Each structure stands twice: as C-alpha cells, then as structure tokens.
C-alpha cells in the first residue's frame, strides 16, 4: 500500500535510484548516462520554480516506490498550456497499481494548475504503459518510426495526449 504526496528533498536519493535504474535497464528514458544527486536536486528546484509538481508513492517506511512529474513539452510560449509528463514505478513494485495512482494524481494537479493538455512520449513497444494511458483517457496522437535509439537499436516513439478541459473553447 502507498500514499501519494509531494516529493521532498529527502526523497531525492530514492528518486535518483529509480531514475538511474530506468536509464540503465529500460527504454523509459532515452539516455544511457546515469545522473547524480546534484542533478536531481537542480531538477527538483527547477520544477518548483515553474510550479510543476513532483509526486511520490511512498510506503509505511517512507520509501519511494515510484514518482511522477511533468514539465514543458516544447520550448515556446505557444505551448504554455501543454506539458509532457513522466511516471516511474520502482522495478519491484510492478503489478501494484502504482502507475495508475501516480498518473491520476498528476492529472488532477495539471487540471488544477489550469493546463490544457498533457502529453506522454512512450517507447512504442511498451504496451503496458500505452495501455495504462489509454485506460485513463489518453489517446494516441503520434507514432514516429526510428526517431530514437538506445542499446544499439532504433526505437519508435508513441505520443499520447489528454485534453484536461475540453469545454474551454479558447485559451
């Protein structure tokens, strides 16, 4: 069982581990270079400055079982109503619905912040991640062949999105 809450500085070591595990063992991050704590501390502060949340799923021991966050999608003012999010569940916490918990909480935050669209960039072969998003209302909006690479092979990218306030006809 896990509770969803805002991340604090003491959560960074845990977040760092999950981040680096994904970097080394998955196609969730299209980087093969692990980062250090200072890197995550800078990221932590940068998110706060933009008013973007960093959420963690923590257990009784206070261990970080997963985390989620979102930030700018494209670097132009025209996209200020759109954010790209990410969800990472610890390798030993799969099948426990933590991904759903985190994304649902993240969606509520994004909507409350007055954002218009959330975009997910998912390695196309990741059926589980795509399925989780589909179940939460996200629709496929991009399918790009060989735009990336990792582990010495080309990777395809799938874009999915959720309109947080479809009844708002204009910004």
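Numbering follows the first chain given and starts at 1.
Asker: Taking the mean of the C-alpha B-factors per stretch from the entry, tell me the winner out of 153-161 and 21-29.
Answerer: Comparing 153-161 with 21-29, the higher average CA B-factor belongs to 21-29.
Asker: Would you determine, from the values in the PDB entry, which of 56-64 and 134-142 has the greater average C-alpha temperature factor?
Answerer: Comparing 134-142 with 56-64, the higher mean C-alpha B-factor belongs to 56-64.
Asker: If you rank every modelled residue in this chain by C-alpha B factor, which third holds residue 41: lowest, middle or highest?
Answerer: Its C-alpha B-factor, which the entry lists for residue 41, ranks in the middle third among residues of this chain.
Asker: Going by the recorded CA B-factors, say which third of the chain residue 129 sits in, lowest, middle or highest.
Answerer: Residue 129: CA B-factor falls in the middle third of its chain.
Asker: If you rank the chain by CA B-factor, which third does residue 84 end up in: lowest, middle or highest?
Answerer: Answer is lowest: the recorded C-alpha B-factor places it there.
Asker: Divide the modelled residues of the chain into thirds by Cα B-factor and specify which third, lowest, middle or highest, holds residue 112.
Answerer: Highest third, going by the recorded CA B-factors of the chain.
Asker: Using the B-factors in the PDB entry, rank residue 104's C-alpha atom against the chain and give the third, lowest, middle or highest.
Answerer: Middle third.
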